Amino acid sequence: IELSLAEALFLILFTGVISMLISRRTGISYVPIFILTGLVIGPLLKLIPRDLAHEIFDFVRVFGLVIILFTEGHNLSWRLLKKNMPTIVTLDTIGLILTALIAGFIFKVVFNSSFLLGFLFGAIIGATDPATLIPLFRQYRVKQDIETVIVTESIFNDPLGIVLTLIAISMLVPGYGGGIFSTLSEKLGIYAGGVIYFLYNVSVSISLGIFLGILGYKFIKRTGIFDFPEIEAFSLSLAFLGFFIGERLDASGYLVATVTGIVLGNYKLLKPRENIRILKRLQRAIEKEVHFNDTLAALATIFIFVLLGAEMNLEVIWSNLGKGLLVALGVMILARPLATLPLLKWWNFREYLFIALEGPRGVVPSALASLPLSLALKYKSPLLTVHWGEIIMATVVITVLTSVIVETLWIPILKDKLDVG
């Protein structure tokens, strides 16, 4: 009486729900709880096969990522962005890159891998998910501007961490470069081609995202889309429209969708103020939309973390426990602050250090974690090996768990030393 695929998916959902409940009730972060649940229903009870978790992940990756990043777009205020523009821009143009690179050198050293493979690991481990941190920021009443900068940086790095990961793989394997990557690389080498392609991708993604967000907003006003179930379905369709159009012209559809989310989140700012009645109407609409889509992003998160927990291979992670652990603490202590370094050039050091140290790794790399493995199994290419895929995945899991728990636990005392003085 083994579980069918439907009962399997549902098992993931239900178990994830219970895990969520006990997580909230107890006060423990949802990340290691969801991972734990994964291992429980996974390799332990063998209720869910890892080789199936691969494919379920092959859907939940694209879907969940797009919807989650889109939902993240809404929680961004353009005002606070432009007010603290340089800091954020540095955090999402330099700090990310340097984090990924140092992390890559670390990986290369610890596992004797290539620096390109390490760069893949770093690109995966680049983005940050502080959604695990926020409740403590609130209940300990940390600086509002700090929370602003951190959260904003995350919202921006989540899709950037992806396109970074897509770069490294595109370098390792020329499979489905799209055309832009292929052309730009064949004209200006692999690395420089990667740089200019990064610039291109970012440019077109931001542009198209803003464009589609605005046009969608205006479309809503014109056609009058404020009532159930039009607003939800339309907004969803808009997000995935941005994603598919973006990916169609070789741009990060994730980033596009995120940007669209930012636009809709800042609908009150872009076009002329209407009468308070209309503003309230649009407000209600956006509230409904946000509700539905954020519910979807919640489910998606649950599935991502649980699947990851049920997909890992115990023997591989144990044979490299210490190694990947020191890679984790290595990137938490050495990489992140080193990359953060130019912050104190425009910030106070006591601020800069907290901002550096605090940022952990979360959902996005957890989704990207199995990608190199699955891609290795499928494409079956010599450059990246299946074993190294297992290595990557294991490491990513380790640094995710360790970063999350260490940040979550070391945050209280760290305020006392940085607030009081």
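Sequential numbering from 1, following the sequence displayed.
Look at the mean CA B-factor for 60 to 68 and for 380 to 388 in the entry; the higher one is 380 to 388.
If you average the C-alpha B-factors over 289 to 297 and over 171 to 179, the higher value belongs to 171 to 179. Comparing the listed residues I162, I225, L81, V256, the entry records the largest Cα B-factor for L81. Considering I220, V151, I304, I94 together, the PDB entry gives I94 the largest C-alpha B factor. Ranked within its chain, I48 lands in the lowest third, by CA B factor from the PDB record. In the PDB entry, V396 places in the lowest third of its chain by CA B-factor. Ranked by Cα temperature factor within the chain, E147 sits in the middle third according to the deposited record.
Ranked against the other modelled residues of its chain, the C-alpha B-factor of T37 as given in the entry falls in the middle third. Among the modelled residues of the chain, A367 sits in the lowest third by CA temperature factor in this PDB entry.
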